[PDB]
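Asker: The opening position of the sequence shown corresponds to residue 642 in my numbering, with each subsequent residue numbered one higher.
All C-beta atoms in this analysis are idealised placements derived from N, C-alpha and C, irrespective of residue type, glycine included.
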Amino acid sequence: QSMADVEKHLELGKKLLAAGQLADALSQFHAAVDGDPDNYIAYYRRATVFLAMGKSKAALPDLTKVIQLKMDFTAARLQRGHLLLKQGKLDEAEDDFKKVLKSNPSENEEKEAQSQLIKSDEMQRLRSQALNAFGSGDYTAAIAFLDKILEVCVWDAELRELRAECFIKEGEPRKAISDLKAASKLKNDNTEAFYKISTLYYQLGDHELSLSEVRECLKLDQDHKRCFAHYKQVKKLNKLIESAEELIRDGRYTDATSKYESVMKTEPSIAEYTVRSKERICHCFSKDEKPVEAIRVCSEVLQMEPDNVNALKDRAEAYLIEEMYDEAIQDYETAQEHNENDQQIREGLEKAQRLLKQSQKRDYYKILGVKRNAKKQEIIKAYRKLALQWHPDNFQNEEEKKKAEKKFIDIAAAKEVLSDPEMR
């Protein structure tokens, strides 16, 4: 009987782990475990790969099987203790940590075991303090407690969740993502955990992520009436925004604008969706050279976010097409306060201020200038007419008159200022 298959599985398995493979190492140790359910080494190796990869649930059962099989082998009960601690299942961990110091206590192990029950004895104390502050209603308090507790028990989902809840109760919902993602990772098959986060990503408009998560919820359970419900939603909503963006890449702005209005229409509750939608619309008009509307919208946007860099920038490019430099600069200058080194913002000013000066100094060819660097005789030709034309004698009413004077003052101003050394 060549039980090589079960043997090779382990060799190949161990080499893979050693190479850093984990994923494949595991595919192998699974083989060995189903190969010889009775063997203890396998259960150990699988368990070590679970651990290596961030998988806490999956490892525990594999460790305790080892214990049961080779009841003697203590490093394993020590391994269990660690896990149960990373898990924050403190009582169970202590009860294991002690039976290590008690049954086959020895060498370096004694130190590890002992130093851990000290963390554990403070942890036990810390969760109480945390759960205290929370129950009584102090969130900021309980946050700081949990922060620490979570350095030692990195894989304690129930607490992470609680911490996440603190953040959101404190109105810092973006901070909760971190914990909620983890919590779902940890439990691996918890239907309500995936909702919890997907729901959150969604509130924050992280709509792409939200969708992948709720896919998960469903991959676990086809029939969840509530995951599905949410899924129809994000799908529809992502489909639209992902579509809109592609149209903004093709410069089909008007089409993108339409798209984004159906976006607001589909998700009208959450502010973040109308806002970001509007931003892009303000962007859509701007890049489409429709400045009036561009201005109209970016105004609404900066009203909700005066610090919205993109919005400022696009509305600036619009002011340009209208030649409103005092405004355009003011905007870039506001965006400056937000981005110190962004080339787009820096280059904004330099282009604008350049044009600002050339605008301030009035042009003479502006009055006619049939040719840039027109011949001195050709100039006089149209001047005679425009001197004939723009003389206040030509029309009766004063209001009009005063206005032509300005043209007259200038038409002649050209003459003296262009002939002789002047002009260049």
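Can you give me the C-alpha to C-alpha distance between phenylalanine 808 and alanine 824, rounded to a whole angstrom?
Answerer: Roughly 15 Å between the two C-alpha positions.
Asker: Could you tell me how far apart the beta carbons of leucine 742 and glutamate 751 are, in whole angstroms, since I believe they sit closer than 8 Å?
Answerer: The pair is a contact, with the Cβ atoms about 6 Å apart (cut-off 8 Å).
Asker: Helix, strand or coil: how does DSSP classify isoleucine 1021 here?
Answerer: Note: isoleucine 1021 maps to helix in three-state DSSP.
Asker: By Cβ distance below 7 Å, which residues in the same chain neighbour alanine 700 in space, the five residues on each side in sequence not counted?
Answerer: The answer, listed in chain order, is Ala688, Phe691, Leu692, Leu724.
Asker: If you follow the alpha helix (DSSP H) that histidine 865 is part of, which residue opens it and which one closes it?
Answerer: Premise fails: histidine 865 is in no alpha helix (DSSP H) and is neither H nor E.
Asker: Taking 8 Å as the cut-off, decide whether the C-beta atoms of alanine 1023 and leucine 1009 are in contact.
Answerer: Contact: yes.
Asker: Within its chain, find whatever has a CB closer than 7 Å to the CB of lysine 656; leave out the 5 residues flanking it on each side and keep chain order.
Answerer: None.
Asker: Less than 8 Å between the CB atoms is what I'm expecting for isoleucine 790 and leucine 767, so what's the real figure, rounded?
Answerer: That belief holds up - the Cβ atoms of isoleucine 790 and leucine 767 are roughly 5 Å apart, short of 8 Å.
Asker: Excluding the five sequence neighbours on either side, which residues of its own chain have a C-beta within less than 6 Å of the C-beta of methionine 1064, listed in chain order?
Answerer: If we look at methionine 1064 and ignore the five residues flanking it on each side, it has no Cβ neighbours.
Asker: Take the Cβ of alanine 659 as the centre, count every other Cβ of all protein chains shown within 10 Å, and call the residue buried at 16 or more, exposed below.
Answerer: Exposed, since its Cβ has fewer than 16 Cβ neighbours within 10 Å.
Asker: Are the CB atoms of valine 647 and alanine 664 within a distance shorter than 8 Å?
Answerer: It is not a contact, given that the beta carbons lie outside the stated cut-off.
Asker: Please say whether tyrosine 872 and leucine 861 have beta carbons closer to each other than 8 Å?
Answerer: No, the Cβ-Cβ distance between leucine 861 and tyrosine 872 is not below 8 Å.
Asker: If you reduce the DSSP assignment to three classes, tell me which class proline 909 lands in.
Answerer: Three-state DSSP puts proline 909 in coil, outside helix and strand.
Asker: State yes or no: is the C-beta of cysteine 925 within less than 8 Å of the C-beta of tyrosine 973?
Answerer: Taking 8 Å as the Cβ cut-off, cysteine 925 and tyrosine 973 do not qualify as a contacting pair.
Asker: Quick check: does the Cβ of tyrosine 914 come within less than 7 Å of any heavy atom belonging to the ligand ATP?
Answerer: In terms of ligand content, the structure shown is empty, and the ligand ATP therefore cannot be addressed.
Asker: For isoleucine 818, report the span of its alpha helix (DSSP H) as first-last.
Answerer: Segment 817-828, the alpha helix (DSSP H) holding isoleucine 818.
Asker: For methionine 644, count the other beta carbons within 10 Å of its own beta carbon; 16 or more makes it buried, fewer makes it exposed. Which is it?
Answerer: It counts as exposed.
Asker: According to DSSP, simplified to helix, strand and coil, what is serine 747?
Answerer: Residue state, collapsed to three classes: coil.
Asker: With a threshold of 16 other CB atoms inside 10 Å of the CB of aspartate 955, please say whether the residue is buried or exposed.
Answerer: Buried, by the Cβ-count rule.
Asker: Are the stretch 888-908 and the stretch 919-935 in contact at 8 Å, needing three or more beta carbon pairs?
Answerer: Yes: at least three Cβ pairs fall under 8 Å.
Asker: Does DSSP put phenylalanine 714 in a helix, in a strand, or in coil?
Answerer: DSSP places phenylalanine 714 in coil when its eight states are reduced to three.
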